[PDB]
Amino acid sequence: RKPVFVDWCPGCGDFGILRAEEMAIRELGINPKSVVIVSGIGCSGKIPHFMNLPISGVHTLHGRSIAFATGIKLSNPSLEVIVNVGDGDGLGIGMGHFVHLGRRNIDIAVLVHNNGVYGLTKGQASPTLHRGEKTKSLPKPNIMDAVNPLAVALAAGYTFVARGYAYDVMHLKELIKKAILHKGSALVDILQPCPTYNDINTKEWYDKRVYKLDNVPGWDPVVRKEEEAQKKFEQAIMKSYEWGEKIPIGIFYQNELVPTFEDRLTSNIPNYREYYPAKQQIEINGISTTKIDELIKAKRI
């Protein structure tokens, strides 16, 4: 009935992301009824349910949020569609759909909860955990290399790639805002402590290491002309591999010059923005409004 117990472990980084995402949506002034948060399976995946605002939640299948989101956004592009997935969900089982989103450049933001583990199934190594790392949840050192979500996203190629941190809420909030406004597919890889599993990549570990690309004089990740694109992309790639003592946070790359999938649909469906599938009137008093006369005429003997 009315209450939803916010059931995350006390001190989970997910509290920061939730707080930041709510605030991004408010401050942008978007009507909440029009916001759909599409989320995966895991601790991460529970996030729409815990939202304060009258947003809608669609809690999906493990690794399938992007496919759901795509159907939702393309059917009704007036919805503001944001995807929240776990790192196992989004980058493990959902890897294929994660990459293919980049090719489409649909206007969606994807927020990855990067805790290094599968929280909800008791802390098996996620695809972001480095080889050799042994959290308290692992019997043996991680047998797998990590994937760098930012590098895969760039190679895919997402047109907005950023990394945030759950314990810098104001910064994260501002990244989420920009990821939402970006015209195309946006990734925010969010560094997020799981205090229950992952006693390595803790709050204190990150506090010590993260620096803002925003505080780097002349760091400009925005492509403004086509000829800038390659240099901006390679500068994004290089930065995306900085890891040990220094960890950059901020926007690695943004190119709003690439047409969105919605822009490409408009080439084939000229009134798509004005009369998209979800707005269309398909019946009047239970009688179809679609004419297939010409279709049938083309088959006449």
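One rule holds for the numbers: they count along the sequence shown, beginning at 1.
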Mean C-alpha B-factor comparison - 237-245 and 64-72, higher one: 237-245
106-114 set against 210-218, stretch whose average Cα temperature factor tops the other in the entry: 210-218
Member of 80, 189, 226, 89 with the greatest C-alpha B factor (per the PDB record): 226
Largest Cα B-factor, entry values, listed residues 144, 101, 175, 150: 144
Entry-reported Cα temperature factor of residue 277, expressed as the chain third it lands in: lowest
Record-listed C-alpha B factor of residue 166: chain third: middle
Chain-relative CA temperature factor third for residue 2: highest
CA B-factor placement of residue 119, once the chain's modelled residues are sorted into thirds: middle
Ranked C-alpha temperature factor of residue 269 among modelled chain residues, by third: lowest
